[PDB]
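A.B. asks:
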Amino acid sequence: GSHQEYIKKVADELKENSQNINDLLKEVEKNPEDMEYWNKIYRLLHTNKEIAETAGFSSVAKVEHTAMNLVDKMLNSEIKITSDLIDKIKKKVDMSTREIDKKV
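Dropping the structure here:
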């Protein structure tokens with residue numbers, strides 16, 4: 002039925018969690034080695050990736066998958082959480098909302 006309307010409602014819900022991630026990135030620059038922030042961001046990237054994939058958004062889910070992979074390795078303690086790690090994620094989270102405001 003109403004594709005543009007469906008996607009527009011889905012869109013706002015995704016941008017809500019993406020903005021939560023942005024806040025948590027500002028928190029995690031103070032506490033990089035802390036897993037609590039990354040644990041939240043990972044689940045927000047996961048939820049929104051599943052919904053965006055099901056709804057068929059521009060590239061939201063693809064850009065959140067690579068963001069997730071960075072957060073994934075940091076949770077696994079594969080790296081020490083670099084400012085370079087956080088730096089990549091910011092541009093992914095930025096781009097995810099750009100792919101949202103495009104499919105609407």
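In the deposited numbering, the protein residues as written are 2 to 105. Every residue gets a Cβ at the ideal spot worked out from N, C-alpha and C, and that includes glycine.
Taking its Cβ as the centre, do 16 or more other Cβ atoms sit within 10 Å of residue 149, making it buried, or is it exposed?
C.D. replies: Coverage of the chain is limited to positions 2 through 105, which leaves residue 149 absent and any answer about it impossible.
A.B. asks: For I90 and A68, which I take to be in contact (beta-carbon distance under 8 Å), what is that distance rounded to the nearest angstrom?
C.D. replies: Residue 90 sits at position 89 when you count from the first residue of the sequence shown. Residue 68 sits at position 67 when you count from the first residue of the sequence shown. Indeed, because the Cβ distance is near 5 Å, the residues count as touching under 8 Å.
A.B. asks: Counting along the chain, where does the alpha helix (DSSP H) carrying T83 start and finish?
C.D. replies: Residue 83 sits at position 82 when you count from the first residue of the sequence shown. Counting along the chain, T83 falls outside any alpha helix (DSSP H), and DSSP gives it neither H nor E.
A.B. asks: Measuring straight from C-alpha to C-alpha, what distance separates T98 and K81?
C.D. replies: One-based indexing of the sequence shown puts residue 98 at position 97. One-based indexing of the sequence shown puts residue 81 at position 80. Distance between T98 and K81, taken at the CA atoms: about 27 Å.
A.B. asks: Which of the three DSSP states, helix, strand or coil, is assigned to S60?
C.D. replies: For the purposes of this step, residue 60 is taken as the residue at position 59 of the sequence shown. Coil, per DSSP.
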